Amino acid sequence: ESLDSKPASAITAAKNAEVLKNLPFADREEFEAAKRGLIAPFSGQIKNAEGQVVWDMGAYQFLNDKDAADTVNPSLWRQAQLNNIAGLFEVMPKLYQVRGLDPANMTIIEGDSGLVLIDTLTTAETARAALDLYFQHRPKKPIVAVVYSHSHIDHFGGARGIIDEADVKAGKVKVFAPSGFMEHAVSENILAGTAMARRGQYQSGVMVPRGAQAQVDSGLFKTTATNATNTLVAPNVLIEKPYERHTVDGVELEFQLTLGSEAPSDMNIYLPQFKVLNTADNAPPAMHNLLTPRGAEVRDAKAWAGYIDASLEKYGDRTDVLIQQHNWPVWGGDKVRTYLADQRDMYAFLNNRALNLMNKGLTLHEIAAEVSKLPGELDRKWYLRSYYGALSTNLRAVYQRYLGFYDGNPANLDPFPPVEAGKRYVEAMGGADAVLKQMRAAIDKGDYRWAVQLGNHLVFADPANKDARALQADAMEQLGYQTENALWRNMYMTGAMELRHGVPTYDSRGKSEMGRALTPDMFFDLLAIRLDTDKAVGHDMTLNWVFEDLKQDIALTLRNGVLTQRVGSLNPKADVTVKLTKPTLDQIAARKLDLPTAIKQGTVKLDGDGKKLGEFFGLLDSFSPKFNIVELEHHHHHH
């Protein structure tokens, strides 16, 4: 059994050939839209400080001016080609966009004295690159203001690389963000940080080679930035009312809060002076995720449809061009009004259809199996295809939002862990060889979906079974070859690769500077996650923390291996009281500055039992950024 990337099976090739026949030949419409306003193309590379590649559009040349290969869904191939169109774009005079230099776009508005930006891209490196491409064709001006459209890393991530933290803290640079920005940005990207960043590798397929038999696109972007720096700079002005009008450097900004739709902290930006609506990631030219593969809170499709309709009503009649923080604009009022109506209907359908079927007694997987397509004319639009969000996943996500993972059947009340279930199922099926025979029967039949279910049990029962791994990877690859969903392709390709070759050595948060924006409260919330309860039991203690810089008191309590904190108060009977600054704390937990060294230097001043502070830091776990996904967890010692 081979570990090599197999060609498309006859079944796969035939399946893709049939997709070619049934695609809307409306063609060039989105190509003309993606090309319109192109000032300077980009096909090059973005490198980091150490000369490592961060971004590379050149890797995708195989897509340009060529027809779809048998190993890639033709509809997916079309989207991939559109996403190859990168560079600096002029929407209108004074209104620019840098697209395809990062997963997200950067909107640049030319003000009276400087520049007003909508989003800062994913990394410092890509943010800098995007701004440099802009400065190659437009005069050098300072950044006067920044808008964070939502709490997603691809929008706030590159902030520090282009703006100064001190200028934001001073109010010199206005940084706008929707209600609940930090809370949600830190929960998603920091608190559940390690899990998300790793799961995200499957979503983007970053470590998978670029080619017709591997990584081709990610639906709303190509892939993610490698070997780069994620940053976080807290906003200065928060959008709290449903609508807020603010003018900065002679630029009229009209914010529409869209909380709990695409992101927990989210908003649209209307530009009155331009007759342009920036729909952030609320209406991209593909079905978005109600539940993201990387892992984040469920999204509300009802609210999402409501917010879209609100934009269509409030701005639809005064918008000449719709711009987004992913992909190309939509030109002309007529087209924008149709687009928004179509977008709204898609989210409303996802919600209402699932609730209709839920109330009929259908469970998550029954619902996903019964709704095969978008209704009426929605199935005929290019901008509504499941390139990013999957119809099945989104239907399952509505079920999750309203009811949860549990289907109501008590036989599913207490599922076994994958290894325990794997061993039992393999035995029940006649042992390893019997499952391998059935896997081969399924692959021959072209039932790749069943073969992956079969193989997963075997791989989890015995990760040392090489035939099981090769067959599992072969079936996933064929599934990836067939899928129109870019994210599903990426997940399947990553899975295939990791089954065959193991997990590649890469950490998305390696160079991450997001921990700087963290308040002491946020910081202790992370320590509460890091704390090893098993080790911490029998070590009840109270630690008081006084931040001389922030004039903030935190009462930390460790009880029964559980860490809780109180902001603004101090415990009178605290085992220890720690006097320091936020920077000093950062260094100690990041293992940059040693504890007795800080006491020696006088940066840390203790009152009471200092041993207790040392033992507290000894109870904290350190999360490895690598973890097995397609096979069981790498243990550690012998079992």
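Throughout, we count residues from 1 along the sequence that is shown.
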message: When the Cα temperature factors in the entry are averaged, is it 280-288 or 164-172 that ends up higher?
response: 164-172
task: Using the B-factors recorded in the PDB entry, average over the C-alpha atoms of 542-550 and of 263-271, then report which stretch comes out higher.
output: 542-550
Residue selected from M491, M429, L413, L355 by maximal Cα B factor: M429
message: Please say which third, lowest, middle or highest, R566 falls into when its CA temperature factor is compared across its chain.
response: middle
- prompt: Relative to the other modelled residues in the chain, which third contains the C-alpha temperature factor of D467: lowest, middle or highest?
  reply: highest
statement: Sorting the chain's modelled residues by C-alpha B-factor and splitting them into thirds places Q136 in the highest
- prompt: Taking the C-alpha B-factors as the PDB entry records them, is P235 in the lowest, middle or highest third of its chain?
  reply: middle
task: Would you check the entry's CA temperature factor for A80 and let me know if it's in the chain's lowest, middle or highest third?
output: lowest
